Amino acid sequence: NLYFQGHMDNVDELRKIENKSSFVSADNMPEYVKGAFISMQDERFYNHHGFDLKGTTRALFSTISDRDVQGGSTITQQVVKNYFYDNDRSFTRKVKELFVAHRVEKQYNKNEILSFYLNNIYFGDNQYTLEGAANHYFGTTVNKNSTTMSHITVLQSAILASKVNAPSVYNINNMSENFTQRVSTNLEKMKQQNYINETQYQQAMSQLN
């Protein structure tokens, strides 16, 4: 995927992701597909400006519970980190990613960011786009208009949204109990955030079981 990585001399370098053959715009995806990723990675994605300082602070200080605590990276931060060439993880690189995230949010709307996200992160088996992965893993499609191809299910969406946390380890064919827990949590959060309903939720929990 080196061609679709760089140093970010200008944020318009991300536009080159649009020329991938399996590129699919966020606009062209079903909501529950997008919400699988949003719910699992950065629930207030549409609301914040790349950092989610307010919501992070509430989830921390408002309840004793960890119910609202999320992972350490908003989707916008993840897009920066994945556009930058692969490198060792450190505080100094994280901070640069935060700085650049602000520049990405300044230039692009949430759907463009989300499109750069889903079409340039690693899903396993050499797939750096969400359509390549769905096709490869399930032979399904995340284009909501297709009349040609089976549409990605709720479960399969959750599976891919959880998978990108450890794409080389989490194995779709032989799912570990931990990968299974991750996906279960993803589904529940898709339900709580109203991307799916009880029926879908139960159908997906059944399929997973």
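Note that residue numbering follows the sequence shown and begins at 1.
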Check the entry's C-alpha temperature factors for 146-154 and 33-41, then say which stretch has the higher mean.
146-154
Comparing 50-58 with 158-166, which stretch shows the greater average C-alpha B-factor in the deposited entry?
50-58
From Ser22, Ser25, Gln192, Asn10, pick the one with the largest CA B-factor in the entry?
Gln192
Based on the PDB record, which member of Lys81, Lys96, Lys106, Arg89 exhibits the highest Cα temperature factor?
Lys106
Within this chain, which third does the Cα B-factor at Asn171 fall in: lowest, middle or highest?
highest
Taking the values exactly as deposited, rank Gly124 by C-alpha B-factor within its chain and report the matching third: lowest, middle or highest.
lowest
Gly132, C-alpha B-factor rank within chain (lowest, middle or highest third):
lowest
Which third, lowest, middle or highest, does the CA B-factor of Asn178 fall in along this chain?
highest
Determine, from the deposited record, the chain-internal third of the Cα B-factor for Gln207: lowest, middle or highest.
highest
